[PDB]
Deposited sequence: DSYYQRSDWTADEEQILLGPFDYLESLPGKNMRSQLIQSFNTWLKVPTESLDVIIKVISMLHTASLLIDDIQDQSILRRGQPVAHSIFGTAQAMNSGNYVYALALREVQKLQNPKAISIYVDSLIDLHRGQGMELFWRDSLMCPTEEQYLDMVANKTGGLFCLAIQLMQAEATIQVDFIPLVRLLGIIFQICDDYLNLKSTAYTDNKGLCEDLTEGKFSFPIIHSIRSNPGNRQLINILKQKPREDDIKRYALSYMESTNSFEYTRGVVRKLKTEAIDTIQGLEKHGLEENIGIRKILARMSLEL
């Protein structure tokens, strides 16, 4: 009697979708839906279920963008101010979490038994991977290539494989496209690493202190030199430093090394595609063009 359980208004949804709505107003090179469509050419998910799966994966991406941006101490997103630079860590991060739950509600519309178990094991692997990623960031422990690639097969594999596992579970075609999306996600990540140092903020995951792929090669190649790892430890907003670091990693030939690794990996993903295609699936031109876009 003393408390009248008030209803959820739309102004309060607006307040809660704000860091998210904001992120969704910023144009970006959406490659996630592109990956869904090019794999749909093989799966043929109905359009209602495929609509639902697209909605959820997009929500999850923007929500983890908010979160990870907070956790990375990132400054810029899609060229414009990073969400929490406007709404603050708290509000923006709770909004990340909120959209996670709203996406769970969404998944439930697929009204498929195995949907929730897949969504779960994906979130488990997401945070497994970015957990170790941080465990290394915070410890100044340079991992191995193999350690880095296992954590990537967790962290990026998470939403890539989520999109595809949901599709496989909503289709008629029982072909395991996930050992391919795993390779594609690993490649996309290595690519994202490389471009973060050689492209056109300038070297922003040096400021993050990340142990990215060419950073690991550079560090382990000559261990006797501890400038690069100390610059990782300094988390530098200065560009004199970041530029020195680019210098040192060039002097070690780690971008050469990374481009070679990307080359051999695109090779493995080509043979892995041509296998499926030569087991009776339509020639995928779309995924060829998409994989091609991963290069610089």
Inset, instruction - Identify which parts of the deposited sequence carry no C-alpha coordinates, going from the N-terminal end onward. - result: 1, 202-207, 304-305
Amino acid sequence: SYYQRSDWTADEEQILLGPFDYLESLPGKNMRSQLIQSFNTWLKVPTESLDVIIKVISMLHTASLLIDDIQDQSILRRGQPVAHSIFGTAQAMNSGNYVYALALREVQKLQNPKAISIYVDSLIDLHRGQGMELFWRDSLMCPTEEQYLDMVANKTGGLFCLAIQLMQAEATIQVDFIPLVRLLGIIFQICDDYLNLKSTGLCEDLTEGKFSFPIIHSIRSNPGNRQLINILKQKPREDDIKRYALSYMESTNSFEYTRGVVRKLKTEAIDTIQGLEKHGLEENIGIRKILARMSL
From here on, numbers count along this sequence of modelled residues.
Legend entry - Stretch exceeding the other in mean C-alpha B-factor - 238-246, 47-55: 238-246
Inset, instruction - Tell me which of 1-9 and 287-295 has the higher mean C-alpha B-factor in the deposited entry. - result: 1-9
Inset, instruction - Specify which of 35, 66, 229, 60 carries the largest Cα B factor in the deposited PDB entry. - result: 35
Legend entry - Identity of residue with top Cα B-factor, from 97, 168, 122, 199: 199
Legend entry - Third assignment of residue 264 from its chain's C-alpha B-factors: middle
Legend entry - Chain third (lowest, middle, highest) by recorded CA B-factor, residue given as residue 282: highest
Legend entry - CA B-factor placement of residue 207, once the chain's modelled residues are sorted into thirds: middle
Inset, instruction - Quick one: classify residue 135 as lowest, middle or highest third of the chain based on its Cα B-factor. - result: lowest
Inset, instruction - Would you please rank residue 102 by its C-alpha temperature factor against the other modelled residues of its chain and give the third it falls in: lowest, middle or highest? - result: lowest
